[PDB]
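The form deposited in one PDB entry is given below as one chain in structure tokens.
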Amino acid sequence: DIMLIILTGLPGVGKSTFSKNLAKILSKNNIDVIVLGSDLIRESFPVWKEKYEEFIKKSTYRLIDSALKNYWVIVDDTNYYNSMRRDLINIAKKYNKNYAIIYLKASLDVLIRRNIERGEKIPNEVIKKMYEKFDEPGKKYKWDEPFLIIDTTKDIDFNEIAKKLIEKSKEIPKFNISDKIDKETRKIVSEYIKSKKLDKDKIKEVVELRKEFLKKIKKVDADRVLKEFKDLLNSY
């Protein structure tokens, strides 16, 4: 009963602290889970250069891809774009494992407060830019729907979230004659019409006649039935 748990949300919301507690409790229920995020590797360098980013991503993924085979992974990343959550979902997909988006939610102002409280190690306007740029889980894709939405300002029940989750892990992942007779009578009708120069009124008649011929048949040998039809019109 393994599954990829895809946290999501802006910085300051409390993903890491969440992860740790979720992990700890989950593990209290004898479940082997590892917590992975790009920061794990981002912060192994002694400084940040944009060029590290290519490596940090490829590495963090391989990590996740590799771990999921054997363990619950809790992905501790911001995951703001929906392609980001797809990219993760695809690893789960690859191994046919369940997943669970968890949208640690909080209003821009509690976020702005929380950054400030953290010494604004990130320009406040970047929380604000990450806000206006965040893709709401589920707003565009049904696969993207949050399995949960946690309010971080409020107290937080991990016994409950654990319960709910394992329950989820228990799922297996969610990843002619009548035609010929019909479409061939339509054709015969388009001939008789477009050939016998019927007027609108007799048009409607043969049309209804066809619908009524058809009702009788349902109540059966294609060719037989079509001469039958051709005949019916000749008469009428």
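Residue indices: 1-based, along the sequence shown. Rigid core: the largest C-alpha set superposing within 1.5 Å between the two forms.
Hey, how big is the hole between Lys219 and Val220 in terms of deposited residues without coordinates: none, 1 to 3, 4 to 9, or 10 or more?
Per the deposited record, the segment joining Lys219 and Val220 lacks coordinates for 1 to 3 residues.
Deposited but uncoordinated residues in the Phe45/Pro46 interval:
Gap size class: none, per the record.
Tell me which of 188 to 196 and 52 to 60 has the higher mean C-alpha B-factor in the deposited entry.
Per the PDB record, 188 to 196.
Name the higher of the two by mean Cα B-factor in the PDB entry, 153 to 161 versus 86 to 94.
For C-alpha atoms only, the mean B-factor is higher in 153 to 161.
Top Cα B factor in the deposited entry, candidates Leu40, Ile172, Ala67, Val206:
Reading the PDB entry, the winner on C-alpha B-factor is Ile172.
Report the third (lowest, middle or highest) to which the CA temperature factor of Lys180 belongs, ranking only the modelled residues of the same chain.
Its C-alpha B-factor belongs to the highest third of this chain's values.
Is the Cα B-factor recorded for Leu232 in the lowest, middle or highest third of its chain?
For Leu232, whose C-alpha B-factor we compare with every modelled residue in the chain, the answer is the middle third.
Test of reading the entry: by CA B factor among the chain's modelled residues, which third contains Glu145?
Middle third by C-alpha B-factor.
Select lowest, middle or highest to describe the third in which the CA B-factor of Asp77 falls within its chain in this entry.
CA B-factor rank for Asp77: middle third.
Assigned third (lowest, middle, highest) for the C-alpha B factor of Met3:
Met3: CA B-factor falls in the middle third of its chain.
One more form of this protein should be noted, the form deposited in another entry, which is absent from this view; the next part is about it.
Single mover in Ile181, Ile56, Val33, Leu36, with Cα shift of 2 Å or more between this form and the one not shown when the core is superposed
So the residue whose C-alpha moves 2 Å or more is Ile181.
Rigid core fitted, then: does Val206 show a CA shift of 2 angstroms or greater between this form and the one not shown?
Where the cores coincide, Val206 still shows a C-alpha shift between this form and the one not shown that is 2 Å or more.
So, superposing on the core, is the move of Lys196 at the CA at least 2 angstroms between this form and the one not shown?
Result for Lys196: yes, a 2 Å-plus shift.
With a threshold of 2 Å on the C-alpha, tell me if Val225 counts as moved between this form and the one not shown once the core is superposed.
Yes, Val225 moves 2 Å or more.
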